[PDB]
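Taking it in order: structure first as structure tokens, then the write-up.
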Amino acid sequence: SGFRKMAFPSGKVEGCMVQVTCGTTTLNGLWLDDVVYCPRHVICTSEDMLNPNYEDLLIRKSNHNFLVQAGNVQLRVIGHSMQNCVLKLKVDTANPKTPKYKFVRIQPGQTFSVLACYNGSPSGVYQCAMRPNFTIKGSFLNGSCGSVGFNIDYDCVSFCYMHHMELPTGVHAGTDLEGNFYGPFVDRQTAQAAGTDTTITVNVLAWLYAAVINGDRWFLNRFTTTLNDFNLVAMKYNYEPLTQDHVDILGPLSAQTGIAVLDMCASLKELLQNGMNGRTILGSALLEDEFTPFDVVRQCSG
Amino acid sequence: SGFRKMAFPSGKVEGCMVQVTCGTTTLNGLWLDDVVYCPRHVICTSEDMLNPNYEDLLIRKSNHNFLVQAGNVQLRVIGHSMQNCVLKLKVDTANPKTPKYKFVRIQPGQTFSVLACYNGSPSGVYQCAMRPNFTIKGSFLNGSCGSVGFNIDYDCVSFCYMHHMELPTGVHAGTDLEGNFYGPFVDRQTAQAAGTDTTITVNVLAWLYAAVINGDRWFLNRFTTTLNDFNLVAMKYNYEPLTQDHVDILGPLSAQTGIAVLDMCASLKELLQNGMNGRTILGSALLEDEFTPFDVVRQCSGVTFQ
Ligand SMILES: N#CCC(=O)NC1CCCCC1
Ligand SMILES: [Cl-]
Ligand code: NA
């Protein structure tokens, strides 16, 4: 029993974190086989913040301009190339700790673990979710760029996020491991603002199902709703639209608990209307939206 | 910016996790040097659990009755002995991945990272606090016994918890790595209940400081208070008493933010008596008490471990 915000064990990713230095800038790199991946803005100077021409800045660099340090060991850079907003540094040594891995670009609402690192060394691991506005609500200090987000399927590491910058509202933006930013953001210091964020409705419903599995039913009701009436109500609370795709995803959790998906939708509508009235659900006085249906089944069933 | 419930990087402990099987029971063991540590109730059948005599149950077992698997490699048990509620299995091979480590016993209100394991394979990591009633609000399924809790202090892993059982209320109980239970619990299938819990006051204050660092300031007010006055309110609301040592520990946060500790206690006094009034603090409608002052300093400064 119990339900916690659970991250993946970080050891497989820890063995891949290195430090990348270019000029006076130092951030984190991801060392997989004989390639080190890091944000391309490591090559920017103080005058290259607003409108850097990365092709022009990169063509001026030599392999020895990049200092890559793995633990107490300097790796020799033997080549470099740009792919979108990430830099790929070819090194003369394959990482002997390289796990089974792949790169996956995730969709809003998906969750992943973040290994926050500074100077190539991990600081902590926590759980995140891609917000509907393509930001993440992380915990990052200066020097955390190049930290990665990931999931682990059995023993294969799925890298899905690399940290690039913090927006003025204190939220964070980054790329997949192919260098493509999540959302409309760019690696420039020009004024950028995240769109108004919304609640991940399918995740809230999955987390209500988790509460029932763990033995709590106080929030259910005798009502149901149509899918459209639910959405008409939920939008007024800044909730994401619930699609038929989302209803299908919740099928297994519905079958396990015996509560139809649209019945849970009616329970959610009432919670938004009433609040919790001094009660809690799985230890929280707010509705939690950073547990996916996949997260719930993995944590509640193994 | 940002503040998250953050666990220590679990890599050093992942390399110590093994599978231990005794008869039909399989759980997790901790492999350090040439000894595997696991709960002593691994030797018990279902009827043994009702009223076990662990010394007598252990005599019948031979070294080959303990099947230890490190990954896909079997470990040869060459000796077995008991220390309190943990079993110690001497193996023929020292763990080459043994980190610099100590066995430590933590205090209520202290936090630690849990590496949840099944069949010797780590599956999750999350942060817990040792509650004042000596339970932890964990997330454990069947097969998770032997999962361990730990902190990291400059390359040295401090092992502080090993999971043993779940209480009827869904919270969890375990021992230190020397077999001593946290709380008034025993490893036997019998009527056991967690005592009435209280809120860790020093941790709530630390988390309010984390909120101020991150720009959440609406709960600040003009008032201050005294230790005696605040503890009267804390007792009324089932909050642990605030000691002078707690005030000293919060000292660094009191200067990084510019908010005195007693100044913050007056904010907490008002929040307890009036509530949050529809507002939130660091994205929470409840007062979070599982961040220690050292946790808040560590996350808001960037301290790393190898
Ligand atoms: N089961 C299952 C699949 C699942 O959890 N789907 C997620 C994908 C990301 C958005 C939120 C829903
Ligand atoms: Cl996805
Ligand atoms: Na005050």
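To be explicit about the labels: the chains of the structure tokens are called A, B, and onward in the order shown, and within each one the residues are counted from 1, while ligands get numbers from 1 in the order they are shown.
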Using only C-alpha atoms, find the residues of chain A whose closest atom to chain B is at most 6 Å away, then write them as a list in words.
residues 1, 2, 3, 4, 6, 7, 8, 9, 10, 11, 121, 122, 123, 124, 125, 126, 138, 139, 140, 170 and 285 of chain A
Writing out the chosen residues with C-alpha atoms as a CSV table (one decimal), in the first residue's frame:
```
chain,number,residue,atom,x,y,z
A,1,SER,CA,0.0,0.0,0.0
A,2,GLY,CA,0.9,3.7,-0.1
A,3,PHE,CA,1.3,6.1,-3.0
A,4,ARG,CA,4.3,8.3,-3.5
A,6,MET,CA,8.3,7.8,-7.3
A,7,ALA,CA,11.4,8.4,-9.5
A,8,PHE,CA,13.3,5.7,-11.4
A,9,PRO,CA,16.6,4.5,-9.9
A,10,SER,CA,19.2,6.9,-11.3
A,11,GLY,CA,22.3,4.7,-11.3
A,121,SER,CA,28.0,15.1,-10.9
A,122,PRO,CA,24.4,14.2,-9.8
A,123,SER,CA,22.8,16.1,-7.0
A,124,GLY,CA,19.3,14.5,-6.7
A,125,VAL,CA,16.5,12.7,-8.5
A,126,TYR,CA,12.9,13.8,-8.7
A,138,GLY,CA,11.6,21.3,-12.1
A,139,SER,CA,14.2,22.2,-9.5
A,140,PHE,CA,17.2,23.7,-11.3
A,170,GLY,CA,10.3,29.9,-12.7
A,285,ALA,CA,-5.4,18.5,-0.3
```
Contacts of residue 159 of chain B at 6 Å (only C-alpha atoms; same-chain gap of 6+ positions) as a PyMOL selection string:
chain B and resi 103-104+150
Go ahead and save the picked residues with N, CA and C atoms, as a PDB file, in the first residue's frame.
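Generated file (selection-v3.pdb):
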```pdb
ATOM      1  N   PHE B 103      26.631   2.406   8.885  1.00  0.00           N
ATOM      2  CA  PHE B 103      25.309   2.107   9.414  1.00  0.00           C
ATOM      3  C   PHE B 103      24.980   3.177  10.448  1.00  0.00           C
ATOM      4  N   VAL B 104      23.901   3.922  10.222  1.00  0.00           N
ATOM      5  CA  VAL B 104      23.488   4.970  11.147  1.00  0.00           C
ATOM      6  C   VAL B 104      22.032   4.754  11.529  1.00  0.00           C
ATOM      7  N   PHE B 150      18.466   5.405   2.945  1.00  0.00           N
ATOM      8  CA  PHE B 150      19.843   5.871   3.043  1.00  0.00           C
ATOM      9  C   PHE B 150      19.909   7.378   2.837  1.00  0.00           C
TER      10      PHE B 150
END
```
Mind checking which residues fall within 10 Å of residue 86 of chain A, counting only C-alpha atoms, ignoring those fewer than 3 positions away in the same chain, and posting them as a PyMOL selection string?
chain A and resi 36-42+81-83+89+146+162+164+175-181
Ligand 3 neighbours within 12 Å using only C-alpha atoms and all ligand atoms, as a list in words:
residues 208, 217, 218, 219, 220, 221, 222, 223, 224, 225, 226, 258, 259, 260, 261, 262, 263, 264, 265, 266, 267, 268, 269, 270 and 271 of chain B
Which of segment 4-158 of chain A DSSP labels strand (DSSP E), written as a short mmCIF file (atom, residue, chain, number, x, y, z; two decimals) with N, CA, C and O atoms, in the first residue's frame:
```
data_model
loop_
_atom_site.label_atom_id
_atom_site.label_comp_id
_atom_site.auth_asym_id
_atom_site.auth_seq_id
_atom_site.Cartn_x
_atom_site.Cartn_y
_atom_site.Cartn_z
N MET A 17 26.80 10.88 -16.77
CA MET A 17 26.97 12.32 -16.62
C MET A 17 28.44 12.71 -16.59
O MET A 17 29.24 12.15 -15.83
N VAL A 18 28.78 13.69 -17.42
CA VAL A 18 30.11 14.26 -17.51
C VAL A 18 29.98 15.77 -17.46
O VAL A 18 28.88 16.33 -17.53
N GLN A 19 31.11 16.44 -17.34
CA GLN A 19 31.19 17.89 -17.31
C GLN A 19 31.73 18.38 -18.65
O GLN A 19 32.72 17.85 -19.15
N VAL A 20 31.07 19.39 -19.22
CA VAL A 20 31.48 19.98 -20.49
C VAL A 20 31.82 21.44 -20.25
O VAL A 20 30.99 22.20 -19.73
N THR A 21 33.02 21.84 -20.65
CA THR A 21 33.48 23.21 -20.50
C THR A 21 33.86 23.78 -21.86
O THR A 21 34.54 23.11 -22.65
N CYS A 22 33.41 25.00 -22.13
CA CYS A 22 33.78 25.73 -23.34
C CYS A 22 33.96 27.18 -22.94
O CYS A 22 33.00 27.82 -22.50
N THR A 25 32.24 28.83 -19.70
CA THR A 25 30.97 28.17 -19.43
C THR A 25 31.19 26.70 -19.10
O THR A 25 31.94 26.01 -19.81
N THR A 26 30.54 26.22 -18.04
CA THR A 26 30.59 24.82 -17.65
C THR A 26 29.17 24.33 -17.40
O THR A 26 28.41 24.98 -16.66
N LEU A 27 28.81 23.21 -18.01
CA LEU A 27 27.52 22.58 -17.77
C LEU A 27 27.69 21.07 -17.90
O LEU A 27 28.82 20.56 -17.94
N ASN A 28 26.58 20.36 -17.97
CA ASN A 28 26.57 18.91 -17.92
C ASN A 28 26.43 18.30 -19.32
O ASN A 28 25.77 18.87 -20.20
N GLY A 29 27.04 17.14 -19.50
CA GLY A 29 26.90 16.39 -20.73
C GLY A 29 26.47 14.96 -20.44
O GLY A 29 26.66 14.43 -19.35
N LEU A 30 25.86 14.35 -21.46
CA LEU A 30 25.38 12.97 -21.39
C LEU A 30 26.28 12.12 -22.28
O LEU A 30 26.28 12.28 -23.51
N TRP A 31 27.03 11.20 -21.66
CA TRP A 31 28.06 10.41 -22.33
C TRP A 31 27.49 9.02 -22.62
O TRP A 31 27.38 8.18 -21.73
N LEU A 32 27.14 8.79 -23.88
CA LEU A 32 26.60 7.51 -24.34
C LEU A 32 27.48 7.00 -25.47
O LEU A 32 27.67 7.70 -26.47
N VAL A 35 29.87 9.35 -27.74
CA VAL A 35 29.29 10.66 -28.02
C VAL A 35 28.88 11.31 -26.70
O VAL A 35 28.30 10.66 -25.83
N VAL A 36 29.18 12.60 -26.57
CA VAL A 36 28.75 13.40 -25.42
C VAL A 36 27.74 14.42 -25.92
O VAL A 36 28.05 15.25 -26.78
N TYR A 37 26.52 14.35 -25.38
CA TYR A 37 25.44 15.25 -25.76
C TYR A 37 25.32 16.35 -24.72
O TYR A 37 25.33 16.08 -23.52
N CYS A 38 25.19 17.60 -25.18
CA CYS A 38 25.05 18.73 -24.27
C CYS A 38 24.33 19.85 -25.00
O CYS A 38 24.25 19.83 -26.24
N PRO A 39 23.77 20.82 -24.28
CA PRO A 39 23.11 21.95 -24.95
C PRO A 39 24.11 22.77 -25.75
O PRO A 39 25.22 23.06 -25.28
N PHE A 66 36.92 22.13 -26.43
CA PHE A 66 35.93 21.47 -25.58
C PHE A 66 36.65 20.62 -24.54
O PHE A 66 37.34 19.65 -24.90
N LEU A 67 36.50 20.97 -23.26
CA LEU A 67 37.04 20.18 -22.16
C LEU A 67 35.92 19.31 -21.60
O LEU A 67 34.97 19.81 -21.00
N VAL A 68 36.04 18.00 -21.81
CA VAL A 68 35.08 17.02 -21.29
C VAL A 68 35.77 16.23 -20.19
O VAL A 68 36.83 15.63 -20.41
N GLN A 69 35.18 16.24 -19.00
CA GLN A 69 35.76 15.60 -17.82
C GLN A 69 34.77 14.58 -17.27
O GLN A 69 33.67 14.95 -16.85
N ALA A 70 35.15 13.31 -17.29
CA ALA A 70 34.34 12.22 -16.75
C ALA A 70 34.95 11.81 -15.41
O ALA A 70 35.96 11.11 -15.37
N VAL A 73 38.79 12.24 -14.90
CA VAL A 73 39.45 11.84 -16.14
C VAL A 73 39.00 12.77 -17.26
O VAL A 73 37.80 13.02 -17.42
N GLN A 74 39.96 13.29 -18.02
CA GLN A 74 39.66 14.13 -19.18
C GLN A 74 39.50 13.26 -20.42
O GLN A 74 40.39 12.46 -20.75
N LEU A 75 38.37 13.40 -21.10
CA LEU A 75 38.14 12.71 -22.36
C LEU A 75 38.62 13.57 -23.52
O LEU A 75 38.48 14.80 -23.50
N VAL A 77 38.24 15.01 -27.07
CA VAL A 77 37.25 15.28 -28.10
C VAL A 77 37.93 15.15 -29.46
O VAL A 77 38.95 15.79 -29.72
N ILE A 78 37.37 14.30 -30.32
CA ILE A 78 37.92 14.05 -31.65
C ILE A 78 36.99 14.50 -32.76
O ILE A 78 37.34 14.37 -33.94
N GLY A 79 35.82 15.04 -32.43
CA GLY A 79 34.91 15.55 -33.44
C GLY A 79 33.73 16.20 -32.76
O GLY A 79 33.46 15.98 -31.57
N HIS A 80 33.02 17.02 -33.54
CA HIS A 80 31.86 17.72 -33.01
C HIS A 80 30.90 18.07 -34.14
O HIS A 80 31.32 18.36 -35.26
N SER A 81 29.61 18.03 -33.82
CA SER A 81 28.57 18.38 -34.78
C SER A 81 27.35 18.88 -34.01
O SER A 81 27.15 18.55 -32.84
N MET A 82 26.55 19.67 -34.70
CA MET A 82 25.31 20.21 -34.16
C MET A 82 24.12 19.46 -34.74
O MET A 82 24.07 19.19 -35.94
N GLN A 83 23.15 19.14 -33.88
CA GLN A 83 21.86 18.60 -34.31
C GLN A 83 20.78 19.39 -33.58
O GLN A 83 20.54 19.17 -32.39
N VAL A 86 21.18 20.69 -29.71
CA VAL A 86 22.16 19.96 -28.92
C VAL A 86 23.46 19.84 -29.70
O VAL A 86 23.49 19.80 -30.94
N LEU A 87 24.55 19.80 -28.95
CA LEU A 87 25.89 19.59 -29.46
C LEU A 87 26.27 18.14 -29.23
O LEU A 87 26.00 17.58 -28.16
N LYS A 88 26.87 17.51 -30.24
CA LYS A 88 27.30 16.12 -30.14
C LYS A 88 28.81 16.08 -30.26
O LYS A 88 29.36 16.29 -31.35
N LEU A 89 29.49 15.82 -29.14
CA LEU A 89 30.95 15.78 -29.10
C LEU A 89 31.42 14.34 -29.24
O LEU A 89 31.13 13.50 -28.38
N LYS A 90 32.14 14.06 -30.33
CA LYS A 90 32.77 12.76 -30.51
C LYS A 90 33.98 12.67 -29.59
O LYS A 90 34.81 13.58 -29.55
N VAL A 91 34.09 11.57 -28.85
CA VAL A 91 35.20 11.38 -27.93
C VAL A 91 35.91 10.08 -28.26
O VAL A 91 35.37 9.19 -28.93
N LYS A 100 21.72 0.02 -21.90
CA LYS A 100 20.74 -0.06 -22.97
C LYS A 100 19.91 1.21 -22.95
O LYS A 100 19.36 1.57 -21.91
N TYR A 101 19.82 1.89 -24.08
CA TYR A 101 19.17 3.19 -24.09
C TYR A 101 18.49 3.44 -25.43
O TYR A 101 18.74 2.75 -26.42
N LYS A 102 17.63 4.45 -25.43
CA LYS A 102 17.05 5.00 -26.65
C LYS A 102 16.59 6.42 -26.36
O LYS A 102 16.51 6.84 -25.20
N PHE A 103 16.33 7.16 -27.43
CA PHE A 103 15.82 8.52 -27.35
C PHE A 103 14.35 8.51 -27.75
O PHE A 103 14.00 7.96 -28.80
N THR A 111 5.20 11.68 -17.85
CA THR A 111 6.07 11.91 -16.71
C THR A 111 7.43 11.26 -16.96
O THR A 111 7.57 10.36 -17.79
N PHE A 112 8.43 11.73 -16.21
CA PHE A 112 9.78 11.20 -16.30
C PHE A 112 10.56 11.65 -15.07
O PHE A 112 10.17 12.60 -14.38
N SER A 113 11.66 10.96 -14.82
CA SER A 113 12.55 11.29 -13.71
C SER A 113 13.65 12.23 -14.19
O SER A 113 14.13 12.11 -15.31
N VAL A 114 14.04 13.16 -13.32
CA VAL A 114 15.08 14.13 -13.62
C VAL A 114 16.25 13.90 -12.67
O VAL A 114 16.07 13.87 -11.45
N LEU A 115 17.44 13.73 -13.24
CA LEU A 115 18.67 13.64 -12.45
C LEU A 115 19.35 15.00 -12.53
O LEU A 115 20.05 15.31 -13.49
N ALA A 116 19.12 15.83 -11.51
CA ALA A 116 19.76 17.14 -11.47
C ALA A 116 21.25 16.99 -11.20
O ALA A 116 21.65 16.32 -10.24
N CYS A 117 22.07 17.59 -12.06
CA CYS A 117 23.52 17.53 -11.92
C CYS A 117 24.13 18.91 -12.03
O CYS A 117 23.57 19.83 -12.63
N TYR A 118 25.31 19.04 -11.43
CA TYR A 118 26.12 20.25 -11.48
C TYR A 118 27.57 19.84 -11.61
O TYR A 118 28.05 19.02 -10.82
N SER A 121 28.18 16.02 -11.99
CA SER A 121 27.98 15.13 -10.86
C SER A 121 26.55 15.23 -10.35
O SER A 121 26.05 16.35 -10.11
N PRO A 122 25.84 14.11 -10.18
CA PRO A 122 24.43 14.18 -9.78
C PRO A 122 24.23 14.75 -8.39
O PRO A 122 25.00 14.49 -7.46
N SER A 123 23.17 15.54 -8.25
CA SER A 123 22.76 16.15 -6.99
C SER A 123 21.54 15.48 -6.38
O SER A 123 21.49 15.30 -5.16
N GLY A 124 20.56 15.12 -7.19
CA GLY A 124 19.34 14.50 -6.69
C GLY A 124 18.48 14.06 -7.85
O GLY A 124 18.70 14.43 -9.00
N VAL A 125 17.48 13.24 -7.52
CA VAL A 125 16.55 12.70 -8.50
C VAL A 125 15.13 13.01 -8.05
O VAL A 125 14.79 12.86 -6.87
N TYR A 126 14.30 13.47 -8.99
CA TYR A 126 12.91 13.77 -8.68
C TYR A 126 12.06 13.49 -9.91
O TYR A 126 12.58 13.24 -11.01
N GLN A 127 10.75 13.53 -9.72
CA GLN A 127 9.79 13.23 -10.77
C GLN A 127 9.22 14.52 -11.34
O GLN A 127 8.99 15.49 -10.61
N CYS A 128 9.00 14.53 -12.65
CA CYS A 128 8.47 15.67 -13.38
C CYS A 128 7.38 15.20 -14.33
O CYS A 128 7.14 14.00 -14.49
N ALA A 129 6.72 16.16 -14.96
CA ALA A 129 5.77 15.87 -16.02
C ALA A 129 5.84 16.98 -17.05
O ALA A 129 6.02 18.15 -16.69
N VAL A 148 19.37 15.60 -17.53
CA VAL A 148 18.45 14.90 -18.41
C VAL A 148 17.28 14.32 -17.63
O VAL A 148 17.37 14.03 -16.43
N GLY A 149 16.16 14.16 -18.34
CA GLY A 149 15.01 13.44 -17.84
C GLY A 149 14.89 12.11 -18.56
O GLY A 149 15.29 11.99 -19.73
N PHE A 150 14.33 11.11 -17.88
CA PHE A 150 14.40 9.76 -18.41
C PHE A 150 13.32 8.88 -17.77
O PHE A 150 12.78 9.20 -16.71
N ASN A 151 13.03 7.78 -18.45
CA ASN A 151 12.29 6.66 -17.90
C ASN A 151 13.12 5.40 -18.13
O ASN A 151 14.07 5.38 -18.91
N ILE A 152 12.76 4.33 -17.42
CA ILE A 152 13.43 3.04 -17.58
C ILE A 152 12.37 1.97 -17.80
O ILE A 152 11.53 1.73 -16.93
N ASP A 153 12.40 1.34 -18.98
CA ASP A 153 11.56 0.19 -19.28
C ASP A 153 12.39 -1.07 -19.03
O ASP A 153 13.29 -1.38 -19.81
N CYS A 156 16.13 -0.73 -20.02
CA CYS A 156 16.48 0.20 -21.09
C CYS A 156 16.10 1.61 -20.68
O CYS A 156 14.96 1.86 -20.27
N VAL A 157 17.06 2.54 -20.79
CA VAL A 157 16.84 3.92 -20.38
C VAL A 157 16.30 4.71 -21.58
O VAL A 157 16.94 4.76 -22.63
N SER A 158 15.14 5.32 -21.40
CA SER A 158 14.53 6.16 -22.43
C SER A 158 14.81 7.62 -22.08
O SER A 158 14.18 8.19 -21.18
#
```
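For residue 202 of chain B, the non-local neighbours within 8 Å, defined as residues at least 6 positions apart in the same chain or in other chains and counting only C-alpha atoms, are residues 242, 246, 250, 289, 292 and 293 of chain B.
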Go ahead and write the selection's residues with C-alpha atoms as a PDB file, in the first residue's frame.
```pdb
ATOM      1  CA  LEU B 242      10.146  23.518  18.843  1.00  0.00           C
ATOM      2  CA  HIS B 246      15.779  23.678  16.006  1.00  0.00           C
ATOM      3  CA  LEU B 250      17.358  27.071  10.981  1.00  0.00           C
ATOM      4  CA  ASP B 289       6.857  18.555   6.893  1.00  0.00           C
ATOM      5  CA  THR B 292      14.578  19.043   6.847  1.00  0.00           C
ATOM      6  CA  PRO B 293      16.540  22.304   7.148  1.00  0.00           C
TER       7      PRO B 293
END
```
Using only C-alpha atoms and all ligand atoms, which residues have at least one atom no more than 6 Å from ligand 2? Output them as number ranges by chain.
A: 106-107, 110
Store the residues picked out above, limited to N, CA and C atoms, as a PDB file, in the first residue's frame.
```pdb
ATOM      1  N   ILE A 106       8.539  12.855 -25.934  1.00  0.00           N
ATOM      2  CA  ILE A 106       7.317  12.589 -25.203  1.00  0.00           C
ATOM      3  C   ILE A 106       6.281  13.664 -25.507  1.00  0.00           C
ATOM      4  N   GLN A 107       5.041  13.396 -25.136  1.00  0.00           N
ATOM      5  CA  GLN A 107       3.888  14.260 -25.314  1.00  0.00           C
ATOM      6  C   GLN A 107       3.499  14.907 -23.993  1.00  0.00           C
ATOM      7  N   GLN A 110       2.991  13.309 -20.148  1.00  0.00           N
ATOM      8  CA  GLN A 110       3.929  12.247 -19.830  1.00  0.00           C
ATOM      9  C   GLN A 110       4.822  12.662 -18.665  1.00  0.00           C
TER      10      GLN A 110
END
```
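Shortest separation to residue 277 of chain A among B:240, B:192, B:294, B:278 occurs at residue B:278, atoms counted being only C-alpha atoms.
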Within 10 Å of ligand 1, counting only C-alpha atoms and all ligand atoms, residues as an mmCIF file with N, CA and C atoms, in the first residue's frame:
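So the final result, stored in out.cif, reads:
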```
data_model
loop_
_atom_site.group_PDB
_atom_site.id
_atom_site.type_symbol
_atom_site.label_atom_id
_atom_site.label_comp_id
_atom_site.auth_asym_id
_atom_site.auth_seq_id
_atom_site.Cartn_x
_atom_site.Cartn_y
_atom_site.Cartn_z
ATOM 1 N N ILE A 106 8.539 12.855 -25.934
ATOM 2 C CA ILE A 106 7.317 12.589 -25.203
ATOM 3 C C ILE A 106 6.281 13.664 -25.507
ATOM 4 N N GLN A 107 5.041 13.396 -25.136
ATOM 5 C CA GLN A 107 3.888 14.260 -25.314
ATOM 6 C C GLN A 107 3.499 14.907 -23.993
ATOM 7 N N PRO A 108 2.787 16.036 -24.030
ATOM 8 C CA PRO A 108 2.335 16.657 -22.777
ATOM 9 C C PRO A 108 1.514 15.688 -21.941
ATOM 10 N N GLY A 109 1.734 15.734 -20.626
ATOM 11 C CA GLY A 109 1.131 14.814 -19.692
ATOM 12 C C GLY A 109 2.013 13.645 -19.312
ATOM 13 N N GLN A 110 2.991 13.309 -20.148
ATOM 14 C CA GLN A 110 3.929 12.247 -19.830
ATOM 15 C C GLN A 110 4.822 12.662 -18.665
ATOM 16 N N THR A 111 5.196 11.684 -17.849
ATOM 17 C CA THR A 111 6.071 11.907 -16.713
ATOM 18 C C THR A 111 7.427 11.260 -16.957
ATOM 19 N N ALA A 129 6.718 16.158 -14.963
ATOM 20 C CA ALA A 129 5.766 15.868 -16.020
ATOM 21 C C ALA A 129 5.837 16.982 -17.047
ATOM 22 N N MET A 130 5.710 16.616 -18.316
ATOM 23 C CA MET A 130 5.578 17.623 -19.361
ATOM 24 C C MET A 130 4.224 18.305 -19.235
ATOM 25 N N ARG A 131 4.247 19.588 -18.875
ATOM 26 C CA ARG A 131 3.029 20.354 -18.726
ATOM 27 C C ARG A 131 2.377 20.556 -20.090
ATOM 28 N N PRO A 132 1.060 20.774 -20.119
ATOM 29 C CA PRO A 132 0.394 21.043 -21.404
ATOM 30 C C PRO A 132 0.972 22.227 -22.164
ATOM 31 N N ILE A 200 -3.624 18.403 -16.149
ATOM 32 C CA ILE A 200 -3.611 17.196 -16.976
ATOM 33 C C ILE A 200 -4.736 16.290 -16.475
ATOM 34 N N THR A 201 -5.891 16.368 -17.143
ATOM 35 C CA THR A 201 -7.117 15.755 -16.634
ATOM 36 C C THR A 201 -7.004 14.237 -16.556
ATOM 37 N N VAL A 202 -6.466 13.604 -17.603
ATOM 38 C CA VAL A 202 -6.361 12.148 -17.597
ATOM 39 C C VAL A 202 -5.479 11.672 -16.449
ATOM 40 N N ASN A 203 -4.487 12.476 -16.063
ATOM 41 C CA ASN A 203 -3.627 12.106 -14.948
ATOM 42 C C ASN A 203 -4.364 12.229 -13.621
ATOM 43 N N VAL A 204 -5.216 13.248 -13.481
ATOM 44 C CA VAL A 204 -6.010 13.386 -12.263
ATOM 45 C C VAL A 204 -6.927 12.183 -12.101
ATOM 46 N N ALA A 206 -6.543 9.170 -13.343
ATOM 47 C CA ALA A 206 -5.742 8.006 -12.983
ATOM 48 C C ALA A 206 -5.386 8.029 -11.504
ATOM 49 N N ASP A 245 -9.414 9.101 -26.644
ATOM 50 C CA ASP A 245 -8.131 8.442 -26.436
ATOM 51 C C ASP A 245 -7.827 8.302 -24.948
ATOM 52 N N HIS A 246 -8.062 9.365 -24.176
ATOM 53 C CA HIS A 246 -7.824 9.307 -22.736
ATOM 54 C C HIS A 246 -8.794 8.356 -22.044
ATOM 55 N N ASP A 248 -10.066 5.689 -23.320
ATOM 56 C CA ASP A 248 -9.567 4.352 -23.626
ATOM 57 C C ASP A 248 -8.385 3.985 -22.739
ATOM 58 N N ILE A 249 -7.482 4.941 -22.491
ATOM 59 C CA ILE A 249 -6.295 4.657 -21.687
ATOM 60 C C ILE A 249 -6.690 4.233 -20.278
ATOM 61 N N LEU A 250 -7.736 4.849 -19.728
ATOM 62 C CA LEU A 250 -8.181 4.555 -18.370
ATOM 63 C C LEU A 250 -8.984 3.264 -18.268
ATOM 64 N N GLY A 251 -9.186 2.560 -19.381
ATOM 65 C CA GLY A 251 -9.928 1.319 -19.407
ATOM 66 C C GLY A 251 -9.480 0.285 -18.391
ATOM 67 N N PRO A 252 -8.185 -0.060 -18.391
ATOM 68 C CA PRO A 252 -7.700 -1.044 -17.406
ATOM 69 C C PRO A 252 -7.944 -0.650 -15.958
ATOM 70 N N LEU A 253 -7.690 0.609 -15.590
ATOM 71 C CA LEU A 253 -7.933 1.029 -14.212
ATOM 72 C C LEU A 253 -9.420 0.993 -13.879
ATOM 73 N N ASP A 289 -1.825 15.791 -10.687
ATOM 74 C CA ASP A 289 -1.903 15.527 -12.121
ATOM 75 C C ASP A 289 -0.564 15.122 -12.729
ATOM 76 N N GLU A 290 0.391 14.659 -11.923
ATOM 77 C CA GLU A 290 1.677 14.226 -12.456
ATOM 78 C C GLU A 290 1.909 12.740 -12.198
ATOM 79 N N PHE A 291 0.819 11.972 -12.207
ATOM 80 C CA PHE A 291 0.822 10.513 -12.244
ATOM 81 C C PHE A 291 0.035 10.081 -13.473
ATOM 82 N N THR A 292 0.702 9.433 -14.424
ATOM 83 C CA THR A 292 -0.001 8.944 -15.602
ATOM 84 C C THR A 292 -0.754 7.655 -15.281
ATOM 85 N N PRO A 293 -1.690 7.247 -16.143
ATOM 86 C CA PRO A 293 -2.292 5.914 -15.973
ATOM 87 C C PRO A 293 -1.268 4.790 -15.933
ATOM 88 N N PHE A 294 -0.182 4.918 -16.698
ATOM 89 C CA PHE A 294 0.886 3.924 -16.660
ATOM 90 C C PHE A 294 1.611 3.949 -15.317
ATOM 91 N N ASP A 295 1.875 5.147 -14.782
ATOM 92 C CA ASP A 295 2.495 5.257 -13.463
ATOM 93 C C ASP A 295 1.661 4.552 -12.396
ATOM 94 N N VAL A 296 0.342 4.765 -12.413
ATOM 95 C CA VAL A 296 -0.527 4.217 -11.372
ATOM 96 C C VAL A 296 -0.491 2.694 -11.386
ATOM 97 N N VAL A 297 -0.636 2.096 -12.572
ATOM 98 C CA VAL A 297 -0.657 0.638 -12.668
ATOM 99 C C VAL A 297 0.686 0.057 -12.245
ATOM 100 N N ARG A 298 1.780 0.734 -12.596
ATOM 101 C CA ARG A 298 3.105 0.250 -12.219
ATOM 102 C C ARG A 298 3.310 0.316 -10.710
#
```
Residue list (helix (DSSP H, G or I), DSSP) for segment 23-261 of chain B, as number ranges by chain
B: 40-43, 48-50, 54-59, 63-65, 201-213, 227-236, 244-249, 251-256, 261
Which residues are close to residue 61 of chain B, i.e. within 10 Å by only C-alpha atoms, leaving aside same-chain residues fewer than 4 positions away? Reply as number ranges by chain.
B: 22, 43, 56-57, 65-66, 80
Give me, as a PyMOL selection string, all polymer residues having an atom no more than 10 Å from residue 276 of chain A, counting only C-alpha atoms and skipping those fewer than 3 positions away in the same chain.
chain A and resi 218-219+270-273+279-281+284-287
